[PDB]
Amino acid sequence: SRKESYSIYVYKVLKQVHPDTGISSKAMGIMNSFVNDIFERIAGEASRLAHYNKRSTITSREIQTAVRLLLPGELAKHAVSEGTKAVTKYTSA
Amino acid sequence: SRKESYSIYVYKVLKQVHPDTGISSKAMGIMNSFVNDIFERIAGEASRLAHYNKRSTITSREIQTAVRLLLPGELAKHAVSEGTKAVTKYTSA
Amino acid sequence: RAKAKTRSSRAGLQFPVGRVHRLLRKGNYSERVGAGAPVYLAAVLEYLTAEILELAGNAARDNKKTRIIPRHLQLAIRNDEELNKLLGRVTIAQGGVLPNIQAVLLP
Amino acid sequence: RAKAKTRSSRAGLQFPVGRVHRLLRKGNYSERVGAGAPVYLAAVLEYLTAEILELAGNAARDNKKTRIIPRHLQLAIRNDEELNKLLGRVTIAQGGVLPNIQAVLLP
Amino acid sequence: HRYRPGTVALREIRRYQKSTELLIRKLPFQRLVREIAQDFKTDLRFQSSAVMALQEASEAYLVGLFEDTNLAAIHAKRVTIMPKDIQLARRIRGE
Amino acid sequence: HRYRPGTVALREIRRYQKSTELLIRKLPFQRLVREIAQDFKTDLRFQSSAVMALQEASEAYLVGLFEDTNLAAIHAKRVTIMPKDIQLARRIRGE
Amino acid sequence: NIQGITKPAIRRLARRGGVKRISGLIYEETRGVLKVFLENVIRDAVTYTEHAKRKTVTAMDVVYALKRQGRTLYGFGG
Amino acid sequence: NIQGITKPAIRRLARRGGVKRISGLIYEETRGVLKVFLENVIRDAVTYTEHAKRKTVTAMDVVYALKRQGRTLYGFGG
DNA sequence: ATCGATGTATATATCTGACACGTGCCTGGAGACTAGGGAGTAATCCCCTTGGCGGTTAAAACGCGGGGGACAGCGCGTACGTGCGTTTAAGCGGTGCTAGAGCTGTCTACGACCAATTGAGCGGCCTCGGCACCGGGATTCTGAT
DNA sequence: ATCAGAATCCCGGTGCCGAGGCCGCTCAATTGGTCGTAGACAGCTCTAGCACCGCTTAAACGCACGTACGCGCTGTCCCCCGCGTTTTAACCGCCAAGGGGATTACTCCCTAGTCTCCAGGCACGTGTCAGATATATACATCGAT
């Protein structure tokens, strides 16, 4: 039975920000729970927004608005910057 | 533009429990908000239960469990009784 | 064909089973919806509505009124421990508060 | 056909865009999911993870440790007002608390 | 005739706890709402019901806070509410 | 040699606020969990991780409550926490 | 405009809250608290308005902001 | 079994909470509070277990109960 | 007691606008039939929960002395409640106009879906280095003098 | 200030076990193509939000004054802290068993999807009666003597 997790990607990010720093299994579990939680929060807010506006599609606008509503202050500002940059790069292949 | 509401049914129930008692528009709006809120709570809990158990269908068991989780004490007990009675009668046409 | 018989009438309910079913299917809750779920949900909603309305009508009668107002609804909800717990984080517009003065403040 | 290029690599991300997309489609959130939504969500998740990990690594280095533990994560989250607000109602297992003694209790 | 301190206060408590009307003036509250909203977006319009909803929520919130502040005051063996009481109530509430 | 009242208390505060291990004994806590669960369903088994999660949550909750209780006590110009302080904290929290 | 929330108004609110005696600094403290609350709610409501490509903050927007801030309001359409 | 939560344990918890002096009635108050909290969480966890037709309360069940009571726990699978 | 002021409840009469009923229509729900796939059920296997034994040691229980903190009483002075005269702007009612919410029609871009491919991610195995435990010297800090 | 003693911090050595890396495989994401539809955009309507003027009057505001309450100080006594000694049961390790949780395979029945129809529910309209307001009054409560 294969059980998916965000361990690999969290580790990549860790190696990018702190090349010589590792992580314990407990801390990895914490990170996985955190990622799942934030995912749920954002997706749920986007879903509510879509329903409120009688739309059937969750788009980058919905994600952006959810981020602004949930993340406080500069967290939101930088998250929005990151998301926009990523979307632009993706759209330009 | 037609805007659906629970006014008719709330009024029917009122006439059943208090034949000589009416209701103001403000109170009706309150009742509508109440019904919508409770609906959302139960449906969301049933959805979570289904997802947790890797099921794709929301059934009467999911509704019952959601009710048990949300409604406190005898509210839950009697609500469960009502739901079970209704389901039985419906299934027996 | 046969005369249309509503699911509400089949279940002995006043709340709309068909409407509840539609709201479940279009509310992004699950892929599929069982036949008994709308009936059960409608019955629960009806029961809760009946409870609140009955208590509010009683409060109105005690206030020598024949029409239920938000005040009466607030009184009914706040005077019942269980209903208050269920509706703890809810604000009733034009409901006011329960008369409560701390004993230490009395003359 | 052409060599498979991941959407993560197309977006310059480490987080799995395809997986995020699948989770959105199968999470009972909406009928349809735009192509940009998983990219945006993945980027946001990545940013938040990077921030927390950076602060935790800093705390670890301050503690002469080379491995991040729940304690370090708790320190990083609680010492940042914004992160604390975001994670207000969250309990980090084996995280402990911040050293805080009221001034009135000191000798 | 002069009523002793406390009598009129208790009469006001009873009256306002029995009544349900809004206690803040509508026009000043509306002006406050618009001034605050101005910092987020310019040329913002407002529904009458939107302003009314805001007023209702604000009044409910403040009444609840004053209740907790009062409890704090009695806890400190006082009958007068103070800023330290408001601060304690809010801190404990998690705000 | 006898340390004056308060010194060892403050040392314990510092030690436990610096450490992270669980402070309730595992076996007694487990027994409590099982006894409480018995009233809801009989012949119930329990995962070790389930019991550990319960312990972590309970300890966190109690620490937070003691923090609020301490604040209440200080507010009442006392340094000793009392049941009235716990009651006030819980009441304001909405519990 | 914050001064429009006069001392008598704050007193009335306190009376509904069961307060018998009020200190003079309570009015300024209350004004600050109300300002913070209002800012948060209005911010979220405006976010909803902007997402809807609207120029008018609606009661529904306000209701949603309150709901997501854990202050569900009954009586204004949800 | 509630007596298994001994006075020293409660003292340690208070120390982590920054408490310097403790009244003698605090131990009984704390025991009661803890009992209530546990009852609520366990009730919900058992409800989840019964819905899954299981006989073993899982960590996931506990996590869900805590989450729905607004006490999200990280570290035990969600 | 007690009486006087005084606010508040209560009882009755006019009006008025808001709620309860009727009507026409239209669109969403009901009857009927279909396919197909999700869930129910039965067998299997293995892992992980429960139960028991023993020792041993760390933690809990108990006793005791005392000091410091809770708490009650008292005095004072000042800040807040009450009442009254003045002024200020909120409220209400009418009227204007224009911005923008809301609806309809059209069409094109975009996301669901589907089949073939394959490479990314997971399970399992192995090892070495970070950390933990132990012990001993250094430094800090506390309290009695 | 001093000094002794108790606690914590730090420094070094040894070991051990868990994190990091590697490898096989398999199934979930990618690519390429098709097709329906949803939402983006244009355009028109008409609702309601904003701006203003005027009059009225009720609420706010400023001030005077008295007194009840917040707060500081003092004394007392009790009960919680801190430490030494005894007891007990928590924890660790080790072993045994079995029961139930997860997995797989087969089947069947239950729900989505489509069509056709029709009745219930929802805008629009109206009328009449419950409640709001006004006034007089009775009654209970607060206060000073």
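Cβ coordinates were reconstructed from backbone atoms using ideal geometry, including for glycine residues, and neighbour counts include every protein chain displayed. Where a number appears in this text, it was derived from the coordinates with a stated rule and is not lab data.
Look at the alpha carbon pairs under 8 Å that are at least 6 residues apart: their mean separation over the length of chain E gives a relative contact order of 19 percent. Where the only charges are on Cβ atoms (+1 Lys, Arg; -1 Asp, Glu), what is the dipole of chain C about its Cα centre, to the nearest 20 debye? Magnitude of the dipole: close to 840 debye. Distance from the axis that maps chain C onto chain D is least for the Cβ of the chain C residue given, with the whole Å value, as C:28, 3. With the label put 7 angstrom out from Cα along the Cα-to-Cβ vector, residue H:8 ends up 6.5 nm from the copy partners, going from closest to farthest. Separation of the range E:1-58 and the range C:1-28 by C-alpha centroid, Å? After rounding, the separation between the Cα centres reads 43 Å. Closest approach of a chain B beta carbon to the axis mapping chain B onto chain A (residue, whole Å): B:44, 5. Cβ-to-Cβ counts within 10 Å put F:33, C:97, F:8, C:39 in ascending order as F:8, C:97, F:33, C:39, the fewest first. The charge dipole of the range A:24-86, taken about the Cα centre with unit charges on the Cβ atoms of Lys, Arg (+1) and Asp, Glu (-1), comes to about 200 debye, rounded to the nearest 20.
Pairs from the table (B:26/C:64; B:54/D:5; A:26/H:55; B:12/D:26; A:85/D:64; A:89/D:64) lying more than 29 angstrom apart at Cα are B:54/D:5; B:12/D:26; A:85/D:64; A:89/D:64.
Each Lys and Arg adds +1 at its Cβ and each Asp and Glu adds -1 at its Cβ; summed about the Cα centre, the protein assembly as shown shows a dipole of about 420 debye.
In terms of its alpha-carbon gyration tensor, chain F comes out oblate; a/c meets the 1.5 threshold, while b/c is at least as large as a/b.
Name the residues of the range B:75-93 whose amide N is less than 19 Å from a point 7 angstrom out from the Cα of residue C:3 along the C-beta direction? Correct set: B:93.
Shortest first, residue E:5 label-point distances to identical copies amount to 3.6 nm, with the label point at 7 Å from Cα along Cα→Cβ.
The distance from the alpha carbon centre of the range E:68-85 to that of the range B:1-39 is 41 Å, rounded to a whole number.
Among D:54, B:62, the order by Cβ neighbours within 10 angstrom, fewest to most, reads D:54, B:62. Normalised by the number of residues in chain B, the average gap of Cα pairs under 8 Å and 6 or more apart makes the relative contact order 17 percent.
Among chain G residues, the beta-carbon with the smallest distance to the axis carrying G onto H is reported, with distance in whole Å, as G:70, 5. Of F:3, H:27, the sequence from fewest to most neighbouring Cβ atoms within 10 angstrom is F:3, H:27. Residues considered: C:63, C:28, C:84. Largest GNM mean-square fluctuation over chain C, using C-alpha springs under 10 Å, is found at C:28. Farthest towards the positive end of the charge dipole of the protein assembly as shown, among the residues C:99, B:27, E:32, is the Cα of B:27, using unit charges on the Cβ of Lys, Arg, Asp and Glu. For residue A:51, inter-copy separations between label points set 7 Å beyond Cα along the Cβ vector come to 1.2 nm, shortest first.
Its alpha carbons considered, the range D:6-107 gives a radius of gyration followed by a Dmax of 18.4, 64 Å.
Taking all Cα pairs closer than 8 Å and separated by 6 or more residues, the relative contact order of chain G comes to 21 percent.
When the Cα positions of A:58, A:36, A:83 are compared along the charge dipole of the range A:1-87, A:58 comes out farthest toward the positive end, with charges on each C-beta of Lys, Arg, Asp and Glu.
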